[PDB]
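What follows is a short report on a single structure.
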Amino acid sequence: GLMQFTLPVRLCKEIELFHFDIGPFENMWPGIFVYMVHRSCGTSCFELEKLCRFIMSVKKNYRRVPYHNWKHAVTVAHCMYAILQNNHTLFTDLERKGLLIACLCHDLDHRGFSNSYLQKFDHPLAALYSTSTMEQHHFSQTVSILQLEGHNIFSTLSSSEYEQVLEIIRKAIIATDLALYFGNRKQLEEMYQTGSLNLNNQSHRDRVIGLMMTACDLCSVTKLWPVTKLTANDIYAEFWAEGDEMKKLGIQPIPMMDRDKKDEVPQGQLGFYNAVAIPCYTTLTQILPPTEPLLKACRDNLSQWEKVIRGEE
Ligand SMILES: Cc1ccc(C)c(C(=O)Nc2ccn3cc(-c4ccccc4)nc3n2)n1
Ligand SMILES: [Mg+2]
Ligand SMILES: [Zn+2]
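Here the deposited numbering is used: the first residue of the sequence shown is 458, the next is one more, and so on.
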């Protein structure tokens, strides 16, 4: 009960910032997560022996892939920690509990391949789940580990509270399907502009949590340029391996996934910032103004990509 986690002074300070990097020491991430749960939620939210066993089991069921790995899981969880700690009064006790657990679990057992490739490969997960194929799998792994003996971190919640939090974690994980972002944001953009957005409307909260989940998932674009620049190598490492497997199926992949089309990368990142990243963080700041730093960081990186095309680096 009185066993607090404490971080060294550079981390303790930098961890409150949106652009914080969790660093290259794998073994510190579990303690980084727990620190955040305690400060974001409270020291009572979870049983420390249960939480740690949950965490190390989640770690185990992430794979050794270049991008969609254990570091991505903790990085997305930290972005959600920054958002919750800059919006102290807007979210309930269950939402703060569920969303940090949702984020850590969002990409559980990812192979480094898009829904599209599973479909075209005719993977068994595609037959079992026709849309949001990987995200329905990710949630299935989360329920699986939650049920493993000694892992039920929600064991003090009532029957109905436990269902609410699992429903928060489900919607949360499905929302990380980028194919569902476009319409979710457009709907929020209207609701804000026509001024009909209402945070007490449960269908409205679900949407806003969905956008938070996209925001946190894409948070590589919201870091300082050297972290953004280097993370992009891992993202493209996966994309090119997927293209290789598309070619192996007898299908030219899109240029984004064709490693013979590296020259177009800078332009492709512009497309993405302009089409996905800026619209995401614009709309999120409109709804949650204290998340303006993500928008600012995103625009800075956009400018850095323009500079790359211009041959200034
Ligand atoms: C930093 C980050 C985080 C998350 C995602 C999902 C992406 C992402 O989607 N990036 C993208 C999108 C579309 N792209 C298209 C291209 C292209 C390349 C070479 C020739 C033609 C076209 N690259 C792309 N990269 N990028
Ligand atoms: Mg995902
Ligand atoms: Zn993710």
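Don't be surprised by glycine CBs; every beta carbon is placed ideally from N, CA and C.
Handout entry: Coil, strand or helix - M703 by DSSP
Key = helix
Handout entry: Simplified DSSP state of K680, which is helix, strand or coil
Key = coil
Practice task
Out of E769, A534, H595, point me to the one whose CA is closest to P723's CA.
Solution key: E769
Handout entry: Nearest-angstrom Cα separation, counted from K764 out to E620
Key = 49 Å
Exercise for the section: May I ask you to check if the CB of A689 is nearer than 8 Å to at least one heavy atom of ligand 1? Expected result: yes
Handout entry: Heavy atoms of ligand 2 versus C-beta positions, residues under 5 Å
Key = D564, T633
Handout entry: Alpha-carbon to alpha-carbon, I610 and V494
Key = 12 Å
Problem - Buried/exposed call for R664, threshold 16 Cβ in 10 Å - result: buried
Exercise for the section: For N641, count neighbouring Cβ atoms within 10 angstroms of its own Cβ and tell me buried if that reaches 16, exposed if not. Expected result: buried
Handout entry: Where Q644 falls: helix, strand or coil (DSSP)
Key = Looking at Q644 - three-state DSSP - the assignment turns out to be helix.
Exercise for the section: State yes or no: is the C-beta of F729 nearer than 8 Å to some heavy atom of ligand 1? Expected result: yes
Practice task
Work out the CA separation of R510 and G607 for me, nearest whole Å.
Solution key: 7 Å
Practice task
May I have the straight-line CA-CA distance separating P487 from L645, to the nearest angstrom?
Solution key: 34 Å
Problem - C-beta contact flag for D564 and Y492 at 9 Å - result: no
Practice task
Return the chain-ordered list of same chain residues with a C-beta closer than 8 Å to the C-beta of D701, the five sequence neighbours on each side being excluded.
Solution key: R716
Practice task
Grab the span of the alpha helix (DSSP H) containing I479 for me, first residue to last.
Solution key: Here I479 belongs to no alpha helix (DSSP H), and DSSP marks it neither H nor E.
Practice task
Report the residue from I472, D478, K470 whose alpha carbon sits nearest the alpha carbon of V684.
Solution key: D478
Problem - Beta-carbon contacts of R553 that lie in its chain and below 7 Å, excluding the five residues immediately before and after - result: Taken in chain order, the residues that qualify are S497, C498, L541.
Handout entry: Neighbourhood of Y586 by C-beta distance below 8 Å, restricted to the same chain and skipping five residues each side
Key = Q593, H594
Handout entry: Within 9 Å, strictly: CB atoms of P712 and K704
Key = No, these two residues do not count as a Cβ contact at 9 Å.
Exercise for the section: Identify the continuous alpha helix (DSSP H) that holds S615 and give its terminal residues. Expected result: Where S615 is concerned, there is no enclosing alpha helix (DSSP H), given that its DSSP letter is neither H nor E.
Problem - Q724 Cβ short of 8 Å to ligand 1 heavy atom set - result: yes
Problem - residue 456 (DSSP reduced to helix, strand or coil) - result: With the chain covering 458 to 770 only, the question about residue 456 has no answer from this structure.
Practice task
Figure out for me which residue from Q743, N658, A734, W682 has the closest Cα to the Cα of residue 790.
Solution key: Given that the chain is displayed from residue 458 to residue 770, the structure contains no residue 790 and the question cannot be resolved.
Practice task
Would you kindly work out how many angstroms separate the C-alpha atoms of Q761 and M537, rounded to a whole number?
Solution key: C-alpha separation (whole angstroms): 25 Å.
Exercise for the section: Examine the Cβ distances between the stretch 726 to 738 and the stretch 614 to 634 and report whether three or more of them are shorter than 8 Å. Expected result: no
Handout entry: Any alpha helix (DSSP H) of 4 or more consecutive residues that is wholly inside the stretch 545 to 629
Key = 550 to 562, 572 to 578, 581 to 585, 590 to 604
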